[PDB]
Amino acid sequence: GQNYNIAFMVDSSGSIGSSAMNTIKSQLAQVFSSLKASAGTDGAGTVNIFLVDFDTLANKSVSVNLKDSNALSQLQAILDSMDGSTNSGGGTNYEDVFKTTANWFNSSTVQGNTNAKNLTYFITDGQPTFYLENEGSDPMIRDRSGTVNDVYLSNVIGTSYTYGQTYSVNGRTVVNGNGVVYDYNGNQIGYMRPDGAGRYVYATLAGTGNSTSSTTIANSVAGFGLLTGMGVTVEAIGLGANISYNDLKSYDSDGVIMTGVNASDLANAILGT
């Protein structure tokens, strides 16, 4: 009768490669099928599953209740959207996926599943290479002579930003439905991203996308604290040869961490641990 809210944060950055990505997709579908069976047994509690693909940013995500007959299909659509190829897989943004997932743990789905165990599996093959900065800041959208005619993002979105609403200045799109923010000249400047507290807030992409700095790590750890701060136990699983115990030490609740995991062992690593 134990209720569960279980998230899966899945790295599809370009370091993964399509071979590992395809195995990961197959293994996760097996995990979800096993969990579906467990959730269908007599006396089973409510099991919500959240699945998010991430690279340069978190991409598509879905939340399902495993009692529903389209639950595995909705998870499958997210798996199918994952591109981990070397050339189009993307960068590695821990901070954004942590905040996206923290937002789910603030959601009505999670809060409504009372007395639940909140669990997250973080599945990655490498250190972060992007992060977010300037969160909640107020960028210039249109700079004119003087100040009185300047347009800031705050003049566009006000105090009531709605994620998915399109915002414009003189018919020019400034915030699109996916939350991409542009200046008046059409240059992309930032994104309206999950803040880890249930909201969507301006941020800019930072980092090189192909290397890791102390700042990248510090921002990743800060984002992680928003996720654990919701009362979530995180299990970090390091795939392959390029992620060490120490690279996952900050992102795992109990310090018991599997690294060097082969993609073909992923389902067992999750289900049998």
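All residue numbers are counted from 1 along the displayed sequence.
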Legend entry - Mean Cα B-factor comparison, 5-13 or 258-266, giving the higher one as deposited: 258-266
Legend entry - Average Cα temperature factor in the PDB entry - higher stretch of 129-137, 151-159: 151-159
Inset, instruction - Report the option among 111, 101, 93, 73 whose CA atom has the maximum B-factor in the deposited record. - result: 111
Inset, instruction - In terms of CA temperature factor as recorded, identify the highest of 239, 64, 234, 39. - result: 39
Inset, instruction - Compare the C-alpha B factor of residue 81 with those of the other modelled residues in its chain, then answer lowest, middle or highest third. - result: middle
Inset, instruction - Tell me, lowest, middle or highest third: where does the Cα B factor of residue 116 rank within its chain? - result: highest
Inset, instruction - Taking the values exactly as deposited, rank residue 230 by C-alpha B-factor within its chain and report the matching third: lowest, middle or highest. - result: highest
Legend entry - Chain-wide C-alpha B factor ranking for residue 89, given as lowest, middle or highest third: middle
Inset, instruction - Could you say whether, by C-alpha temperature factor, residue 199 belongs to the lowest, middle or highest third of its chain? - result: middle
